[PDB]
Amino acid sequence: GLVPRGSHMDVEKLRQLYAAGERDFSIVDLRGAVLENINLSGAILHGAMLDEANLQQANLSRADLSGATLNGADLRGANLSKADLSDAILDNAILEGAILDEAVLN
């Protein structure tokens, strides 16, 4: 039931924790992760590392991604509506087809 930190998180473990009701995935390492199609809506991902992740068609609606790094992440068709992108690094992420409506920016 603990959220693994300080190592690359297993996506299967992420999915199980999320399904168990866990929402706090602050500071997790999901770099290069295959997260295609995943529902992480409402997930706290503050300061998390998602650089280069496959987030194609991911549901990240209302996710707290404040201070998260998403360099080069593949967010094609991803739902970022009402997500918090305060302080996030979206440098070079692909957003074609992504829903940015009401996402929070600075």
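All residue numbers are counted from 1 along the displayed sequence.
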query	finding
Of 95 to 103 and 2 to 10, the one with larger mean CA B-factor	2 to 10
81 to 89 versus 21 to 29 - which carries the larger mean C-alpha B factor in the record	81 to 89
Position of residue 65 among the chain's modelled residues by C-alpha B-factor, lowest, middle or highest third	middle
Residue 39, C-alpha B-factor rank within chain (lowest, middle or highest third)	lowest
